[PDB]
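Taking it in order: structure first as structure tokens, then the write-up.
Just so we're on the same page: letters track the sequence lines, and every chain starts at 1.
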Amino acid sequence: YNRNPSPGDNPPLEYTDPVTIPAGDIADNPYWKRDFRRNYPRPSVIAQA
Amino acid sequence: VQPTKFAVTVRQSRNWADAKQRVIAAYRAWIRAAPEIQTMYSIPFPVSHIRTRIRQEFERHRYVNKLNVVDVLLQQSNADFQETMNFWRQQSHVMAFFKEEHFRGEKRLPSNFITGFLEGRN
Amino acid sequence: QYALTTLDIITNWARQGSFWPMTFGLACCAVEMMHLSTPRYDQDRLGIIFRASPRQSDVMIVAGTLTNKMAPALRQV
Amino acid sequence: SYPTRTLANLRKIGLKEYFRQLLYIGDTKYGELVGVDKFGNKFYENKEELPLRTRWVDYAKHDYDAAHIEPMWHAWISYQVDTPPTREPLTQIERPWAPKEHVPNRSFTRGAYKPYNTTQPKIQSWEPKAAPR
Amino acid sequence: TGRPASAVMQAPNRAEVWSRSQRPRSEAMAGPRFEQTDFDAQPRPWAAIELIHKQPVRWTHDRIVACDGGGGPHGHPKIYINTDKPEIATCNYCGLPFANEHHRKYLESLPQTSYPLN
Amino acid sequence: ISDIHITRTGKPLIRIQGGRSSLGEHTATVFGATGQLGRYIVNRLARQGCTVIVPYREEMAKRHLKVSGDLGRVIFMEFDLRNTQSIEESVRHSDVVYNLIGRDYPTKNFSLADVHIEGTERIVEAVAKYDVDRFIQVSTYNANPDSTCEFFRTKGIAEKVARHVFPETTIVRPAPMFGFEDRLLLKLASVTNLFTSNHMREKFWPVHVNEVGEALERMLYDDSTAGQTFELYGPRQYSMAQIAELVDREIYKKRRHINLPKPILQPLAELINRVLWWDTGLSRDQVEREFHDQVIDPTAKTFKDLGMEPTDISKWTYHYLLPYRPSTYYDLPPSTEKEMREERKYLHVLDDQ
Amino acid sequence: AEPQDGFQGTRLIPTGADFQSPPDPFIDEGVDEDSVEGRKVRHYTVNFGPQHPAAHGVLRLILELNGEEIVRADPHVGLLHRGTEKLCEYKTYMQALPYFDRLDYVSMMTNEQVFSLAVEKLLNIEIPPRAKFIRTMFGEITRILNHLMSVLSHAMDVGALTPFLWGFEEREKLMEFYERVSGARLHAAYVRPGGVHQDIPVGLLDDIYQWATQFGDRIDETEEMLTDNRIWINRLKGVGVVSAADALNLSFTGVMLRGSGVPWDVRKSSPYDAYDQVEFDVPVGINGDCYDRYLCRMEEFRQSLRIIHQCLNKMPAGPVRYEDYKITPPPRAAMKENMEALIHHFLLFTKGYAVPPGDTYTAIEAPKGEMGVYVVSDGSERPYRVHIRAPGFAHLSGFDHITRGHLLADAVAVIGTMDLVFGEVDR
Amino acid sequence: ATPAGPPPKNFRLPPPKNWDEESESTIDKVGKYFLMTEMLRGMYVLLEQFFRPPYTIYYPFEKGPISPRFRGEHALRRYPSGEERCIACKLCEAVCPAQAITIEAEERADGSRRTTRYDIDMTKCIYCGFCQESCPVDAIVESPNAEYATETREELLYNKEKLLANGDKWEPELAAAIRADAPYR
Amino acid sequence: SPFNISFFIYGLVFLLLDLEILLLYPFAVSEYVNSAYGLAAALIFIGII
Ligand SMILES: NC(=O)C1=CN([C@@H]2O[C@H](COP(=O)(O)OP(=O)(O)OC[C@H]3O[C@@H](n4cnc5c(N)ncnc54)[C@H](OP(=O)(O)O)[C@@H]3O)[C@@H](O)[C@H]2O)C=CC1
Ligand SMILES: *P(=O)(O)OCC(C)(C)[C@H](O)C(=O)NCCC(=O)NCCSC(=O)CCCCCCCCCCCCC
Ligand code: SF4
Ligand code: SF4
Ligand SMILES: [Zn+2]
């Protein structure tokens, strides 16, 4: 039962690398709606004035 | 000296009369300690060579006319004094302050133009 | 020649059978040297016993990053 | 080991083979022959032993060493594959550059690997040619 | 050095260097470190350049052919080779030869060719 | 000191003068590198970026020499003074070859003749076989081809064969050397039962191994030292008894001096050397060495010709004998009245622990 | 006008000793002669270390002793200071991640978790649910791994030697799971900004469940040897006692904070990853001593196991890596087939991803206390400043205040109750 | 030390119990002292281990388990043709966390983009595997070989002649580990 | 450095009790003759120490 089979005999072809529909689709996702790195918040600064 | 044997609370010189008083007390302790530094670290030099070399390290900063610069130079001394009087520095750190125990020796810059030219910048 | 060779083989047999290492576990590699003492890989079954003292030891295992502050104590040990 | 296990394996391998194993492995162990390395090492398997002890090797040399195992068998002995090199197609690739014999770890011997620079010196110097006078 | 053939010949398959900045083994394995040494134990891989040119040409009826290195995701990034010059076109990543069937007559007439061509 | 060296054969070296990772570009072969002197010549070349070929007989002994150099700098070769191939292939790449090989006693495998002659022969013949540029032969003080001492005889004859076949040989005749891990001060420091037959009356000019190690570097760096003989020795005349009292004055050790006459000591000296497998410090030829005094060659160059000053042994005894100084709280002097009073401000017992 | 006004010393900096205030006289709680009371006692100093166990590899603590008791304890650290915080300024963010494996070298995937969470916060990205659960599962496998080192090495110093060997088989089994997801028994480099490097292999969640079914029995037998043992009890009761007020004032975190009766866990108070999705309890002690901190650590064994089982049952499907190739590397198959993917592959492994400007202090509940990092970003591809907050560094700083008056055999127990790996302390 | 808002329900401890308020019979309490019963239980647990199977592996005859993703010594691989896979992009040189890779490339005699130098300082390398994640042609890998202690550290400066020799030696096992892990890469 | 007084107490309490138990060993090899009268005296000696 334990570590049986080894990972070396796990069939390569069985595993699937997934995509999620919004971000991995071909037809209804412009990248610029999902570019949250470039919509980063700025630091909001308030001085004594 | 509450936490350690030679600890001194970090203090800021109030004026030049105070700052010169501290420098002289720092120099006094160091040259007092030179026999104790020469046995622990087995320095193969006379106590006189140690004392004359301690003097050089104060003679470097004799022309400092800034009071904020003296306090950092005093704190550096006090900390160096603490790690030498407690056997914390290794003989290798201490007798590496003497700049003649390099296999090239004290003579490590070229003396003049021509001797450094014939040796390729020393 | 045989006789001196036998003296060597016996001497080498005991330098091999009792293999006592002094150790400087400086960092993580020491963890992996501790797993050499655990049940899966046991050193005792081959005769290895880590001794604290250098006087009782045969081999030094420098296992870990050596720093300038640690080096004088490495050479002393 | 334990008496029930060591007794049964004597009933299998015989007293001359029992002493062979005490000299090398230090255990009395019985299993099926799985194949032979090019270096001559022999591999055995027994699903009925303690975990991580189902596969072992009987080395061909007296001064054995873990670097005597040929590479594809090395994956089998390490439980990294379940198919031994005796049925693995990846070993049946023809590679004339591939080594013919198994070379082990060759340090501590006069055949130890010696590195060298593989590139030419950077700056070529003038080959002095004095013009005639 | 010098006496063994392995210390003298750049690779087992090839005797000469194959780039201008490659050090010959004769000069790389001279000096004191290579005394009291086994030169037949020294790492000496077969030269790839000789092996690649022993490769037969893939004849093709197409202008553009695709090479991925021959192992699916175990090859190189898939690229496209144009075979419209009367020469043998080679994959930039792996070196395999490709040639259009239109240049077979011309290619078979050359005296020396960079790939076996059959 | 210069960045360019044209070797005696004519090839140029372009050195970069720094430390371990630098380029000294000198290739050296030091024969006799595992003794007490060789570790100073090896370390001096290696720590400045030079390749040093170190032929060795025993694997364990040589190990301390590798620390001094960066990767590819200290190369070790397994050699035997009777295997010429090992000698040949140790010197084929070398620019300078050193020969420091020498015993003070005969063995079951080497007579002072075999070591100092049959080895110098076998080695210098290789130096001449490959046109090595500099060959430096370390001989002994008092070397003389016609001497009652086999050490002064056989080492004096090697000097002959060195220049018969290699006329451009530097000869170096050092005085008894002293310092760390020597057989001079450490002998007087360590032994307890000491045998002599000339009242410890040897007179000589003790020299520090460290200047000898530094001097051997400078014979490589000056092309003018090639082909002449040097006499390295210290600044003051000394007798062994005067040397011992210095050891005595530092360490406070009591030793037994037996001083058995020469007729009853020398025949006995051979026996002990023939049955004891370690260097017992007394042998037949070593006792004869006791009767001679060092005579300085007046036609031979000295430290000054190499820009060097020897140091005496008196300035160094405290340094090299300080490790051998048993000083506990017991041996301290009787206390004074002032400090006896200081003890009354402390409690010297913990009555609650 | 510093530094100009400081040249002549016209201003003095107001020190804390200026703002000292006398205690209120009313509600204030608690000489030379011929007698021996005025007499002074000499002390002698003692150089303690290095001990045999791996974790306390580079400790040179100098004690001053009055007889047997400790007067003042001065640890000298730095024997494993390797300049990590400087070398991190010359590396990209992905290149600097392996430096975090080597801080607390018994708790690797939680060191790289706090660096990933810090970088991910400046990236302004949300990592996928599967990597959230993978990280919370392997963060608790890590917590079990560290406690097996910390508890059993502590008892090996105290002189119990058998529980150490039993639980290092448990440690030996739990490092097989590290080597299956990554290829390292110690330094995985598995947790990375944007999720995890690779998906878990296809039979691992079954193998962790098989390990899970028996791990409680291992805690129970380890607990058979120490918990009720009077020798164990009489070597940890009353030892290394810190008050709740002082643990806060001393910068204590974790079980050092929690063993004095302060209920506080970063996982409960500032939830990260999938911790808000799992039910677990927080052991809080009473008497602030080593026995409480031993009992709190054993309870965490059972709580981490209870989280790992919950993570197995909520493991969702989907990417284990943030689905954006400007931040995380594309699959190998994409890079070998699609133009945009090879461009994003190439630039991530040479330049790295840019992090937007700003600074963040991020903390997690590491097994040795609170571990935090301060990262200044300059908007470029290399960190402008990385600062690691190590729980053990603050713990060793309070060793003098805690071991004062104790015996040296007591102080060895205090060293083990503080979870101390010196690569953590010196960064 | 407790959160703001109402204190936790029964956060405060009960008052301590006096010695005579404790619920433990003198017989039970005195017997456990003199008989040392809890120490007896722990000694019994060691008898239980005594009669259980050991965990030990006989190495080097039996090896421990290693995954297809294991990170051992480096190797340079070929194609089925025999050409080196490496085209000198230098990506593995850029990503090296410890600057352990030094690559010099130029145009080969046949015009192909190939390395002239390929050195890996095995004493600088941290065995992270980054070099093999960044490859676009699977040229650099880390074999499952962990058994190569050497005598001198000059033996740990792998040049391109040793790394290719390693790939020729280890190719079946390298191809096998790649075959297992490729879907996840 | 001052030495702790407890070292002295260990040797002293041993020295006296060890002398005391020594004085009882003759009783254990002379019990039958000593009988009740010897027991009473030894009980008195045991009681004092
Ligand atoms: N030191 C002194 O007081 C004086 C010494 N000298 C001479 O200077 C030289 C170096 O001095 P020092 O370092 O003290 O010498 P040591 O005796 O300490 O070392 C001599 C060296 O010669 C090697 N050697 C000796 N005999 C043989 C042999 N038969 N075959 C091969 N190798 C051999 C030794 O190797 P191994 O250890 O394996 O035997 C060792 O490396 C010697 O020639 C010495 O006689 C001259 C005058 C004074
Ligand atoms: P006189 O009135 O002529 O001079 C007095 C001074 C010097 C104060 C001048 O009047 C003055 O105002 N000078 C400027 C103030 C000044 O000197 N600043 C610096 C003072 S601190 C200092 O100089 C520290 C020096 C180094 C301390 C350590 C020295 C020994 C270390 C090595 C010892 C040997 C190895 C262990
Ligand atoms: S091994 Fe791969 S990453 Fe490294 S230079 Fe070659 S092709 Fe580029
Ligand atoms: S595994 Fe080693 S060689 Fe490869 S990138 Fe990492 S440090 Fe560099
Ligand atoms: Zn291709």
Intermediate values then yes/no, side chain to side chain contact (heavy atoms under 4.5 Å, CB included), B/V94 and B/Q91: CA-CA 5 Å; B/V94 155; B/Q91 177 229 338; 5.9 Å; no
[X] atom [atom1], over 12 foreign heavy atoms within 6.0 Å:
| X | atom1 | result |
| --- | --- | --- |
| B/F98 | CZ | yes |
| F/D222 | CG | yes |
| B/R108 | CZ | yes |
| F/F180 | CZ | no |
| H/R153 | CZ | no |
| F/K345 | NZ | yes |
| F/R249 | CZ | no |

Look at the side chain of [X] and the backbone N and O of [Y], then say whether any donor-acceptor pair between them is shorter than 3.5 Å.
| X | Y | value |
| --- | --- | --- |
| B/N86 | B/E83 | no |
| F/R73 | F/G49 | yes |
| B/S42 | B/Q38 | no |
| C/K69 | G/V77 | yes |
| F/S239 | F/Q242 | yes |
| G/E64 | G/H43 | no |
| C/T67 | G/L79 | yes |
| G/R42 | I/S1 | no |

Are [X] and [Y] close enough that some pair of their side-chain heavy atoms sits under 4.5 Å apart?
| X | Y | answer |
| --- | --- | --- |
| G/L408 | G/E68 | no |
| C/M60 | C/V77 | yes |
| F/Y233 | F/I296 | yes |
| B/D80 | B/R89 | yes |
| F/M240 | F/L188 | yes |
| F/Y98 | F/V138 | no |
| C/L66 | C/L74 | yes |
| C/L26 | G/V58 | yes |

Could you check whether [Y] and [X], counting side-chain N and O atoms only, form a donor-acceptor pair closer than 3.5 Å?
| X | Y | result |
| --- | --- | --- |
| C/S57 | C/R51 | no |
| F/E217 | F/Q48 | yes |
| G/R427 | G/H81 | no |
| B/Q75 | B/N78 | no |

Atom pair [atom1] ([X]) and [atom2] ([Y]), whose distance is rounded to the nearest 0.5 Å:
| X | Y | atom1 | atom2 | value |
| --- | --- | --- | --- | --- |
| F/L216 | F/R44 | CG | CZ | 10.0 Å |
| F/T311 | F/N210 | OG1 | CG | 9.5 Å |
| F/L185 | F/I243 | CG | CD1 | 7.0 Å |

Step-by-step side chain to side chain contact (heavy atoms under 4.5 Å, CB included) determination, F/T34 to F/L65: CA-CA 8 Å; F/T34 44; F/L65 289 161; 4.2 Å; yes
Verdict with supporting geometry, F/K187 and F/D182, salt bridge (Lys or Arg N to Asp or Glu O under 4.0 Å): CA-CA 8 Å; F/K187 166 162 277 305; F/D182 55 355; over 6 Å; no
Under the salt bridge (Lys or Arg N to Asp or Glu O under 4.0 Å) test, residues paired with F/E339 that sit two or more places apart: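 For F/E339 there are no salt bridge (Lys or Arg N to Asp or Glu O under 4.0 Å) partners, ignoring immediate neighbours.
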Charged N-O contact under 4.0 Å between [X] and [Y]:
| X | Y | answer |
| --- | --- | --- |
| B/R22 | B/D71 | no |
| B/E100 | B/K107 | no |
| F/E214 | F/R218 | yes |
| F/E337 | F/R341 | yes |
| F/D279 | F/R103 | no |
| B/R60 | B/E57 | no |
| B/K99 | B/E106 | no |

Where do [X] and [Y] come nearest, in terms of heavy atoms and distance?
| X | Y | value |
| --- | --- | --- |
| F/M177 | F/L37 | CE-CD2, 3.8 Å |
| F/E211 | F/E309 | CG-O, 3.8 Å |
| F/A189 | F/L321 | CB-CD1, 3.5 Å |
| G/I415 | G/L420 | O-CD1, 3.6 Å |
| F/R20 | F/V67 | NH2-O, 3.0 Å |
| F/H348 | F/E343 | NE2-O, 2.7 Å |

Plane angle bin for B/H49 and B/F45 - parallel if under 30°, tilted between 30 and 60°, otherwise perpendicular: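 B/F45 and B/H49: perpendicular rings.
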Mutual orientation of the aromatic rings belonging to F/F178 and F/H208 [parallel < 30°, tilted 30-60°, perpendicular > 60°]: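 Rings of F/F178 and F/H208: parallel, under 30°.
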Ring center gap for [X] and [Y] short of 6.0 angstrom:
| X | Y | value |
| --- | --- | --- |
| F/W205 | F/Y238 | no |
| F/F204 | F/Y141 | no |
| F/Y221 | F/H26 | yes |
| B/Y41 | B/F87 | yes |

Test salt bridge (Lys or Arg N to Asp or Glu O under 4.0 Å) applied to F/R289 and F/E202, step by step: CA-CA 9 Å; F/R289 186 105 56 81; F/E202 284 189 354; over 6 Å; no
Candidate list B/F6, B/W88, B/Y27, test ring pair (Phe, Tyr, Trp, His ring centres under 6.0 Å), partner B/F81, passing option: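 The option that passes is B/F6.
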B/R53 charged N/C atom sitting above B/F97 aromatic ring, 6.0 Å / 45°: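 No, cation not above the ring by the 6.0 Å, 45° rule.
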Evaluation steps, side chain to side chain contact (heavy atoms under 4.5 Å, CB included), between G/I62 and G/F48: CA-CA 6 Å; G/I62 311 179; G/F48 185 100; over 6 Å; no
Full working for side chain to side chain contact (heavy atoms under 4.5 Å, CB included) between F/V52 and F/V30: CA-CA 7 Å; F/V52 193; F/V30 179; 4.1 Å; yes
